[PDB]
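Q: First, the structure itself, so that you have it in front of you.
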Amino acid sequence: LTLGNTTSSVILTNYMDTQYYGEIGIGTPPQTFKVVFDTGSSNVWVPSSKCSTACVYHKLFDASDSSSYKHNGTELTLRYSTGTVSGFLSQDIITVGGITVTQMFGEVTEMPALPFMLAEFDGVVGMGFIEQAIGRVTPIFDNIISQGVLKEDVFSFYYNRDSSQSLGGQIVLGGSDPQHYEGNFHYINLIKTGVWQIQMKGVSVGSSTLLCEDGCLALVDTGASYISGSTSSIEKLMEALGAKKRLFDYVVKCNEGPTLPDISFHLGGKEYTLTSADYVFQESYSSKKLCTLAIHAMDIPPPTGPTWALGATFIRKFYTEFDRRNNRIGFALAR
Ligand SMILES: O=C(NCC1c2ccccc2Oc2ccccc21)[C@H]1CCCNC1
Ligand SMILES: *[C@@H]1O[C@H](CO)[C@@H](O)[C@H](O)[C@H]1NC(C)=O
């Protein structure tokens, strides 16, 4: 008897406004892992006890301590923006919030030091669609929908601003937390099912629509730390903001930061505005200091890209709901 009224929540940890991670349990008894819940990918993976370099810094899964483990052994390679991971498939019981699902995940044996020694999380829970899943492995949310236990076939994200004994964030499975948003949701449908990507009708700097006038794509990526666009777009945008290209990021003089113009994204006939307080890492106010912007360039290869990606920078401002039943994304202002 699976009566659909569940709304299981996961408390997230905010690390530097770049990494938001919660706790999952794998096995019988459960082995806990710090995971990033990523709408940009669809595979679940944790480091393996069978791991031979970043592995030393993370919690490892030992199949030999799980009574519910079922072998598979299929080799698997998962490629992200900063680096690639490698391992094999295994099956066990995964606990997320108060939900228990039999999930096929990847035990990772090859995990490079760069970028994984910078990661504060052990693994990744992909919140994308089977269409994006490596080796056509059923994603965890698809398996939760199959249980027929949720209030609604939706999940929502809340990413807070770094503070202190405060909530870093929160994923709700089955609904949305009204304590974390103001007013009502505005929905935008997905271009196609299979990707958490919507149409964008322009990017503005101040009150002038500078970019994406003839339309472009926007990927709603909980796994991305920043807002990203193509090199072309980010060059135009940063020139408008008067930001200079440093080696890995764009900076402005720290004094110039509070006077930077609003950046607006046109999504579903509504403008979603980020003020300077939302995209500048205001670490100092000095003229002698350089301050980083929470916006970078990233070229996403086809079929997904070229696209913009609305990461933690966007999500922190706008509470996000991902609707599987209706294939649409909802934004309400975060609280
Ligand atoms: O690579 C991504 N995000 C970066 C973020 C990350 C998210 C998911 C998987 C691996 C991963 O690597 C690191 C390592 C250190 C710090 C942050 C990250 C994107 C790639 C496309 C799908 N979403 C996540
Ligand atoms: C591993 O899992 C796949 C499903 O992705 C299945 O088709 C395959 O037969 C399994 N292989 C083994 C060795 O159990």
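Following the order of the structure tokens, first chain is A, next is B, and so on, with residues numbered from 1 inside each chain and ligands from 1 in the order they appear.
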Would you list the residues that come within 9 Å of ligand 1? Count only C-alpha atoms and all ligand atoms and give the answer as an MDAnalysis selection string.

A: chainID A and resid 18:19 35:42 78:85 114:121 123:126 221:225 300 311

Q: Counting only C-alpha atoms and all ligand atoms, what residues are within 12 Å of ligand 2, given as a list in words?

A: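 So, counting only C-alpha atoms and all ligand atoms, the residues near ligand 2 are residues 43, 70, 71, 72, 73, 74, 75, 76, 88, 89, 90, 91, 103, 104, 105, 106, 130, 133, 134, 135, 136, 137, 138 and 139 of chain A.
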
Q: If you count only C-alpha atoms, which residues fall within 9 Å of residue A:180, apart from same-chain ones fewer than 4 positions away, as an mmCIF file with N, CA, C and O atoms, in the first residue's frame?

A:
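Below is the file out-v1.cif, written as the result:
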```
data_model
loop_
_atom_site.group_PDB
_atom_site.id
_atom_site.type_symbol
_atom_site.label_atom_id
_atom_site.label_comp_id
_atom_site.auth_asym_id
_atom_site.auth_seq_id
_atom_site.Cartn_x
_atom_site.Cartn_y
_atom_site.Cartn_z
ATOM 1 N N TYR A 158 16.585 24.719 -2.689
ATOM 2 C CA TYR A 158 16.814 25.948 -1.926
ATOM 3 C C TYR A 158 18.297 25.974 -1.586
ATOM 4 O O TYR A 158 18.806 25.044 -0.992
ATOM 5 N N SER A 176 7.434 21.459 -2.512
ATOM 6 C CA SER A 176 8.177 22.697 -2.277
ATOM 7 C C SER A 176 7.954 23.202 -0.867
ATOM 8 O O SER A 176 6.877 22.994 -0.319
ATOM 9 N N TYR A 319 14.192 30.179 -5.811
ATOM 10 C CA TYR A 319 13.813 28.843 -5.349
ATOM 11 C C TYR A 319 13.311 28.116 -6.585
ATOM 12 O O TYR A 319 12.461 28.658 -7.297
ATOM 13 N N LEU A 333 10.865 33.592 -5.791
ATOM 14 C CA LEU A 333 11.943 34.276 -5.098
ATOM 15 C C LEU A 333 12.219 33.622 -3.748
ATOM 16 O O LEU A 333 11.302 33.452 -2.943
ATOM 17 N N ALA A 334 13.504 33.261 -3.516
ATOM 18 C CA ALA A 334 14.008 32.617 -2.295
ATOM 19 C C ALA A 334 13.929 33.497 -1.060
ATOM 20 O O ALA A 334 14.058 34.726 -1.117
ATOM 21 N N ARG A 335 13.739 32.838 0.075
ATOM 22 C CA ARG A 335 13.482 33.435 1.382
ATOM 23 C C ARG A 335 14.250 32.622 2.474
ATOM 24 O O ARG A 335 15.060 33.223 3.218
#
```

Q: Enumerate, as a PyMOL selection string, the complete set of residues in stretch 38-81 of chain A that a backbone-based DSSP assignment places in strand (DSSP E or B).

A: chain A and resi 38+44-48+61+70-79

Q: Identify, on the basis of only C-alpha atoms, every residue whose closest approach to residue A:108 does not exceed 8 Å; exclude the query and any residue fewer than 6 positions from it along the same chain; express the result as a list in words.

A: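 Returned residues: residues 45, 46, 47, 48, 51, 85, 86, 87 and 88 of chain A.
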
Q: Quick one: write out the picked residues with N, CA, C and O atoms as a compact mmCIF listing (two decimals), in the first residue's frame?

A:
```txt
# COMPACT_ATOMS: atom_id res chain seq x y z
N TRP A 45 26.79 7.98 -8.17
CA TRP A 45 28.13 7.41 -7.97
C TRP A 45 28.76 7.87 -6.67
O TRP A 45 28.60 9.02 -6.29
N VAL A 46 29.51 6.98 -6.02
CA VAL A 46 30.29 7.27 -4.81
C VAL A 46 31.68 6.63 -5.00
O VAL A 46 31.81 5.71 -5.83
N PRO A 47 32.74 7.07 -4.27
CA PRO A 47 34.04 6.38 -4.39
C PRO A 47 33.95 4.96 -3.82
O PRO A 47 33.18 4.69 -2.90
N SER A 48 34.72 4.03 -4.38
CA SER A 48 34.76 2.62 -4.00
C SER A 48 35.84 2.30 -2.98
O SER A 48 36.88 2.96 -2.94
N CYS A 51 39.06 1.45 -4.59
CA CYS A 51 39.80 2.55 -5.21
C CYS A 51 41.27 2.52 -4.82
O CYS A 51 41.62 2.48 -3.63
N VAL A 85 35.39 10.74 -14.07
CA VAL A 85 35.53 9.64 -13.11
C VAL A 85 35.31 8.29 -13.79
O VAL A 85 34.75 8.24 -14.89
N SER A 86 35.81 7.21 -13.18
CA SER A 86 35.69 5.86 -13.74
C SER A 86 35.47 4.82 -12.68
O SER A 86 36.04 4.88 -11.60
N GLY A 87 34.69 3.83 -13.03
CA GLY A 87 34.44 2.71 -12.13
C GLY A 87 33.58 1.64 -12.74
O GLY A 87 33.62 1.43 -13.96
N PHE A 88 32.78 1.01 -11.89
CA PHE A 88 31.89 -0.07 -12.31
C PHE A 88 30.51 0.06 -11.68
O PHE A 88 30.34 0.80 -10.69
```

Q: Could you name the residues that touch residue A:327 at 10 Å or less, counting only C-alpha atoms, but leaving out those on the same chain fewer than 3 positions away, as a PyMOL selection string?

A: chain A and resi 154+187-196+322-324

Q: Go ahead and save the picked residues with C-alpha atoms, as an mmCIF file, in the first residue's frame.

A:
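result_11.cif, freshly written:
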```
data_model
loop_
_atom_site.group_PDB
_atom_site.id
_atom_site.type_symbol
_atom_site.label_atom_id
_atom_site.label_comp_id
_atom_site.auth_asym_id
_atom_site.auth_seq_id
_atom_site.Cartn_x
_atom_site.Cartn_y
_atom_site.Cartn_z
ATOM 1 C CA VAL A 154 8.408 17.105 -8.405
ATOM 2 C CA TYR A 187 6.443 27.999 -14.800
ATOM 3 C CA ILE A 188 8.423 27.626 -17.982
ATOM 4 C CA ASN A 189 8.101 24.419 -20.020
ATOM 5 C CA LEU A 190 11.118 22.393 -21.165
ATOM 6 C CA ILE A 191 12.012 22.655 -24.888
ATOM 7 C CA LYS A 192 12.094 18.814 -24.984
ATOM 8 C CA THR A 193 11.926 16.121 -22.334
ATOM 9 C CA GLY A 194 15.223 14.440 -21.521
ATOM 10 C CA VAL A 195 17.021 17.663 -20.467
ATOM 11 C CA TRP A 196 16.210 20.277 -17.706
ATOM 12 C CA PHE A 322 11.464 20.679 -11.247
ATOM 13 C CA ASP A 323 8.156 19.166 -12.485
ATOM 14 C CA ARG A 324 8.448 15.703 -14.040
#
```

Q: Need the shell around stretch 208-215 of chain A: protein/DNA/RNA residues with any atom at most 9 Å away, counting only C-alpha atoms. Skip same-chain ones fewer than 2 positions apart. Format as a short mmCIF file (atom, residue, chain, number, x, y, z; two decimals) with N, CA and C atoms, in the first residue's frame?

A:
```cif
data_model
loop_
_atom_site.label_atom_id
_atom_site.label_comp_id
_atom_site.auth_asym_id
_atom_site.auth_seq_id
_atom_site.Cartn_x
_atom_site.Cartn_y
_atom_site.Cartn_z
N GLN A 199 13.91 27.66 -22.89
CA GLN A 199 14.21 28.73 -23.84
C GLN A 199 14.37 30.01 -23.01
N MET A 200 15.33 30.85 -23.39
CA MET A 200 15.59 32.17 -22.82
C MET A 200 15.46 33.19 -23.98
N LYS A 201 14.79 34.31 -23.72
CA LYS A 201 14.51 35.34 -24.73
C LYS A 201 15.33 36.62 -24.50
N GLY A 202 16.55 36.49 -23.96
CA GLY A 202 17.40 37.65 -23.73
C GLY A 202 18.03 37.79 -22.37
N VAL A 203 19.25 38.37 -22.38
CA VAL A 203 20.09 38.70 -21.22
C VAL A 203 20.34 40.21 -21.28
N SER A 204 19.98 40.92 -20.20
CA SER A 204 20.12 42.37 -20.10
C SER A 204 21.17 42.75 -19.07
N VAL A 205 21.83 43.90 -19.30
CA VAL A 205 22.78 44.56 -18.41
C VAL A 205 22.16 45.93 -18.16
N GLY A 206 21.72 46.16 -16.93
CA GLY A 206 21.00 47.37 -16.55
C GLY A 206 19.59 47.30 -17.12
N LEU A 217 19.28 29.03 -25.33
CA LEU A 217 18.93 28.01 -24.36
C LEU A 217 19.51 28.32 -23.00
N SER A 233 29.47 35.21 -25.52
CA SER A 233 28.47 35.88 -24.68
C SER A 233 29.11 36.48 -23.43
N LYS A 236 31.19 39.58 -24.23
CA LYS A 236 30.31 40.74 -24.41
C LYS A 236 29.78 41.27 -23.09
N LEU A 237 29.26 40.36 -22.22
CA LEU A 237 28.69 40.67 -20.89
C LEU A 237 29.70 41.30 -19.96
N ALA A 240 30.70 44.77 -20.86
CA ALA A 240 29.63 45.67 -20.43
C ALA A 240 29.72 46.00 -18.95
N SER A 264 19.78 40.73 -15.97
CA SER A 264 18.43 40.15 -16.09
C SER A 264 18.35 39.05 -17.09
#
```

Q: Have a look at A:127, A:310, A:145, A:290 and name the one nearest to residue A:219; count only C-alpha atoms.

A: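 Of the candidates, the smallest distance to residue A:219 is held by A:310.
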
Q: Using only C-alpha atoms, which protein or nucleic acid residues come within 8 Å of residue A:285? Drop anything in the same chain fewer than 4 positions from it, and give the result as a list in words.

A: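 Residues meeting the cut-off are residues 254, 255, 257 and 289 of chain A.
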
Q: Nearest to residue A:27 among A:173, A:234, A:3, A:93, with distances taken over only C-alpha atoms: which residue is it?

A: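 Looking at the shortest contact to residue A:27, the residue is A:93.
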
Q: Each residue of stretch 127-236 of chain A with at least one atom at most 9 Å from stretch 97-102 of chain A should appear once, together with its nearest atom pair and the corresponding distance in Å (one decimal); atoms considered: only C-alpha atoms; ordering: chain, then increasing residue number; output as CSV.

A:
```
residue,atom,partner,partner_atom,distance
A:140,CA,A:101,CA,7.7
A:143,CA,A:101,CA,6.8
A:144,CA,A:101,CA,6.7
A:147,CA,A:101,CA,8.2
A:149,CA,A:99,CA,9.0
A:172,CA,A:97,CA,8.7
A:173,CA,A:97,CA,8.2
```

Q: For each of A:60, A:309, A:54, A:252, take the minimum atom-to-atom distance to residue A:288, counting only C-alpha atoms, then give the residue where this is smallest.

A: A:252

Q: For atom CA of residue A:110 and atom CA of residue A:65, determine how far apart the two atoms are, in Å to one decimal place.

A: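 Taking atom CA of residue A:110 as the start and atom CA of residue A:65 as the end point, the length is 21.2 Å.
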